[PDB]
Every structure is written in structure tokens, then in C-alpha cells.
Amino acid sequence: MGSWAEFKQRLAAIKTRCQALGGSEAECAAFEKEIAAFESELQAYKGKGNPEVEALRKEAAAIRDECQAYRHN
């Protein structure tokens with residue numbers, strides 16, 4: 001199972017708060033950064049295109065786009 005559970009939880013909270021946009025110029029930033037390191041950390045594991053990093057990569061990218069579309073569009 002590895003540490004997918006942790007990444008799943010944190011990722012879920014980031015996506016939820018990002019999709020809902022509680023209303024904080026900082027929150028959005030924290031998500032973009034956190035997500036960036038998440039995908040970069042998962043892709044550094046080993047499998048550049050592993051099946052596990054696939055999901056995290058997709059969700060992460062989505063979150064980043066949303067944040068940019070909220071305070072950069």
C-alpha cells in the first residue's frame with residue numbers, strides 16, 4: 001500500500017478546499033505549492049509513469065489549473 005493513504009488524504013483536502021475556495025489568497029497558494037511538491041515527489045520515487053503516480057499526477061494538475069483559474073485567469 002505504501003504511503004498512498006497519506007497522499008490521498010492530503011490531496012483530497014487540498015482539492016476540496018481548492019474546489020470550494022473557502023476564500024483565502026493564501027490557501028490557494030499553499031495548495032499550488034503543496035500539490036507541486038506532491039507530484040514532483042511522487043514522480044521522483046522511481047516510476048516516471050507508474051500507475052500510482054498517474055492518479056496523483058492527474059488530480060494534482062487539476063488542482064493547479066483551478067488555482068490559476070481563480071487567481072490567474
# chains A, B, ... in the order shown; residues from 1 in each chain; ligands from 1
>>> residues_around(residues="residue A:69", least_positions_apart="3", cutoff="12 Å", atoms="only C-alpha atoms", output="mmCIF file with N, CA and C atoms, in the first residue's frame")
data_model
loop_
_atom_site.group_PDB
_atom_site.id
_atom_site.type_symbol
_atom_site.label_atom_id
_atom_site.label_comp_id
_atom_site.auth_asym_id
_atom_site.auth_seq_id
_atom_site.Cartn_x
_atom_site.Cartn_y
_atom_site.Cartn_z
ATOM 1 N N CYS A 18 -9.772 23.648 -2.487
ATOM 2 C CA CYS A 18 -9.467 24.357 -3.725
ATOM 3 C C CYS A 18 -10.710 24.483 -4.599
ATOM 4 N N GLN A 19 -11.502 23.418 -4.651
ATOM 5 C CA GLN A 19 -12.721 23.410 -5.452
ATOM 6 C C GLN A 19 -13.797 24.283 -4.815
ATOM 7 N N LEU A 21 -13.020 26.752 -2.565
ATOM 8 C CA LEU A 21 -12.450 28.089 -2.437
ATOM 9 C C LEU A 21 -13.038 28.818 -1.233
ATOM 10 N N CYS A 28 -5.064 29.166 -1.597
ATOM 11 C CA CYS A 28 -4.816 28.799 -2.986
ATOM 12 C C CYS A 28 -3.326 28.593 -3.237
ATOM 13 N N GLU A 32 -1.270 25.150 -4.470
ATOM 14 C CA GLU A 32 -0.438 25.100 -5.666
ATOM 15 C C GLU A 32 0.956 24.571 -5.337
ATOM 16 N N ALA A 62 -5.000 19.039 -12.017
ATOM 17 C CA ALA A 62 -6.325 19.644 -11.970
ATOM 18 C C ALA A 62 -6.388 20.749 -10.921
ATOM 19 N N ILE A 63 -5.870 20.460 -9.732
ATOM 20 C CA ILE A 63 -5.867 21.430 -8.644
ATOM 21 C C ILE A 63 -5.095 22.686 -9.030
ATOM 22 N N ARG A 64 -3.930 22.494 -9.642
ATOM 23 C CA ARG A 64 -3.094 23.611 -10.064
ATOM 24 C C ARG A 64 -3.841 24.508 -11.047
ATOM 25 N N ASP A 65 -4.473 23.891 -12.039
ATOM 26 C CA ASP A 65 -5.224 24.633 -13.046
ATOM 27 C C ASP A 65 -6.330 25.459 -12.398
ATOM 28 N N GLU A 66 -7.043 24.850 -11.455
ATOM 29 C CA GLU A 66 -8.130 25.530 -10.762
ATOM 30 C C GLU A 66 -7.619 26.766 -10.028
ATOM 31 N N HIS A 72 -5.507 33.887 -11.420
ATOM 32 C CA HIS A 72 -4.553 33.982 -12.519
ATOM 33 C C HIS A 72 -5.242 33.743 -13.859
ATOM 34 N N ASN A 73 -6.499 34.163 -13.957
ATOM 35 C CA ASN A 73 -7.269 33.994 -15.183
ATOM 36 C C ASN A 73 -8.188 35.189 -15.418
#
>>> select_by_dssp(residues="chain A", states="alpha helix (DSSP H)", output="ChimeraX atom specification")
/A:4-20,25-42,51-70
>>> closest_residue(among="A:47, A:25, A:9, A:15", to="residue A:61", atoms="only C-alpha atoms")
A:15
>>> residues_around(residues="residue A:53", least_positions_apart="5", cutoff="10 Å", atoms="only C-alpha atoms", output="PyMOL selection string")
chain A and resi 4+38-48+58-59
>>> atom_distance(atom1="atom CA of residue A:56", atom2="atom CA of residue A:11")
8.0 Å
>>> atom_distance(atom1="atom CA of residue A:60", atom2="atom CA of residue A:36")
7.2 Å
>>> atom_distance(atom1="atom CA of residue A:5", atom2="atom CA of residue A:67")
23.6 Å
>>> closest_residue(among="A:3, A:50, A:57, A:70", to="residue A:20", atoms="only C-alpha atoms")
A:70
>>> closest_residue(among="A:31, A:23, A:52, A:2", to="residue A:68", atoms="only C-alpha atoms")
A:31
>>> closest_residue(among="A:55, A:8, A:14, A:49", to="residue A:33", atoms="only C-alpha atoms")
A:14
>>> decode(residues="stretch 23-61 of chain A", atoms="N, CA and C atoms", output="compact mmCIF listing (two decimals), in the first residue's frame")
# COMPACT_ATOMS: atom_id res chain seq x y z
N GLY A 23 -12.04 31.01 0.43
CA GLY A 23 -11.84 32.44 0.33
C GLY A 23 -10.58 32.90 1.04
N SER A 24 -9.43 32.58 0.47
CA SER A 24 -8.15 32.96 1.05
C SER A 24 -7.04 32.95 0.00
N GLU A 25 -6.47 34.12 -0.26
CA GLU A 25 -5.41 34.25 -1.25
C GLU A 25 -4.21 33.38 -0.87
N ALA A 26 -4.12 33.02 0.40
CA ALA A 26 -3.03 32.19 0.89
C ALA A 26 -3.33 30.71 0.67
N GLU A 27 -4.56 30.30 0.98
CA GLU A 27 -4.96 28.91 0.81
C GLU A 27 -4.63 28.41 -0.59
N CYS A 28 -5.06 29.17 -1.60
CA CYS A 28 -4.82 28.80 -2.99
C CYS A 28 -3.33 28.59 -3.24
N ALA A 29 -2.51 29.52 -2.74
CA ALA A 29 -1.07 29.44 -2.91
C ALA A 29 -0.51 28.18 -2.26
N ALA A 30 -0.93 27.91 -1.03
CA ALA A 30 -0.48 26.74 -0.29
C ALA A 30 -0.79 25.46 -1.06
N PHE A 31 -1.94 25.43 -1.72
CA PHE A 31 -2.36 24.27 -2.49
C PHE A 31 -1.46 24.08 -3.71
N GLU A 32 -1.27 25.15 -4.47
CA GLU A 32 -0.44 25.10 -5.67
C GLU A 32 0.96 24.57 -5.34
N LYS A 33 1.55 25.11 -4.28
CA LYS A 33 2.89 24.70 -3.86
C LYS A 33 2.87 23.25 -3.36
N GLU A 34 2.04 22.99 -2.36
CA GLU A 34 1.93 21.65 -1.79
C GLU A 34 1.73 20.61 -2.89
N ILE A 35 0.78 20.88 -3.79
CA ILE A 35 0.49 19.97 -4.89
C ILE A 35 1.70 19.78 -5.79
N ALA A 36 2.37 20.89 -6.09
CA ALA A 36 3.56 20.85 -6.95
C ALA A 36 4.60 19.89 -6.39
N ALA A 37 4.89 20.02 -5.10
CA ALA A 37 5.88 19.17 -4.44
C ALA A 37 5.39 17.73 -4.37
N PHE A 38 4.08 17.55 -4.25
CA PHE A 38 3.49 16.22 -4.17
C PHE A 38 3.75 15.43 -5.45
N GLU A 39 3.39 16.02 -6.58
CA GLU A 39 3.58 15.37 -7.88
C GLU A 39 5.07 15.19 -8.17
N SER A 40 5.86 16.20 -7.83
CA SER A 40 7.30 16.16 -8.06
C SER A 40 7.96 15.12 -7.16
N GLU A 41 7.38 14.90 -5.99
CA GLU A 41 7.92 13.93 -5.04
C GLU A 41 7.52 12.51 -5.43
N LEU A 42 6.33 12.37 -6.00
CA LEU A 42 5.83 11.07 -6.42
C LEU A 42 6.51 10.61 -7.71
N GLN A 43 6.82 11.56 -8.58
CA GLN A 43 7.47 11.26 -9.85
C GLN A 43 8.96 10.98 -9.64
N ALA A 44 9.47 11.37 -8.47
CA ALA A 44 10.88 11.16 -8.15
C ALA A 44 11.10 9.79 -7.52
N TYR A 45 10.01 9.17 -7.08
CA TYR A 45 10.08 7.85 -6.45
C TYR A 45 10.90 6.89 -7.30
N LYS A 46 10.43 6.65 -8.52
CA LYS A 46 11.12 5.74 -9.44
C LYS A 46 10.38 5.65 -10.77
N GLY A 47 9.14 5.16 -10.72
CA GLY A 47 8.35 5.03 -11.93
C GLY A 47 7.90 6.37 -12.47
N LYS A 48 8.63 6.89 -13.45
CA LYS A 48 8.30 8.18 -14.05
C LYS A 48 6.84 8.21 -14.50
N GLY A 49 6.32 7.04 -14.86
CA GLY A 49 4.94 6.96 -15.31
C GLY A 49 4.17 5.84 -14.62
N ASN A 50 4.59 5.50 -13.41
CA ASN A 50 3.94 4.44 -12.64
C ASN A 50 2.43 4.67 -12.57
N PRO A 51 1.69 3.60 -12.27
CA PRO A 51 0.22 3.65 -12.16
C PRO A 51 -0.24 4.44 -10.94
N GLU A 52 0.57 4.42 -9.89
CA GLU A 52 0.24 5.13 -8.66
C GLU A 52 0.40 6.64 -8.84
N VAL A 53 1.48 7.03 -9.51
CA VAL A 53 1.76 8.44 -9.76
C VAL A 53 0.80 9.02 -10.80
N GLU A 54 0.19 8.13 -11.59
CA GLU A 54 -0.75 8.55 -12.62
C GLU A 54 -1.91 9.32 -12.01
N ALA A 55 -2.58 8.71 -11.04
CA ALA A 55 -3.71 9.34 -10.37
C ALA A 55 -3.30 10.64 -9.69
N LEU A 56 -2.26 10.57 -8.88
CA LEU A 56 -1.76 11.75 -8.17
C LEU A 56 -1.41 12.86 -9.14
N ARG A 57 -0.81 12.49 -10.27
CA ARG A 57 -0.42 13.46 -11.29
C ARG A 57 -1.65 14.15 -11.88
N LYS A 58 -2.67 13.36 -12.18
CA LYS A 58 -3.91 13.90 -12.75
C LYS A 58 -4.57 14.88 -11.79
N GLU A 59 -4.90 14.40 -10.59
CA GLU A 59 -5.54 15.24 -9.59
C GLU A 59 -4.72 16.50 -9.33
N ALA A 60 -3.43 16.32 -9.09
CA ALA A 60 -2.54 17.45 -8.83
C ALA A 60 -2.67 18.51 -9.92
N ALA A 61 -2.49 18.09 -11.17
CA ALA A 61 -2.59 19.00 -12.30
C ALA A 61 -3.91 19.76 -12.28
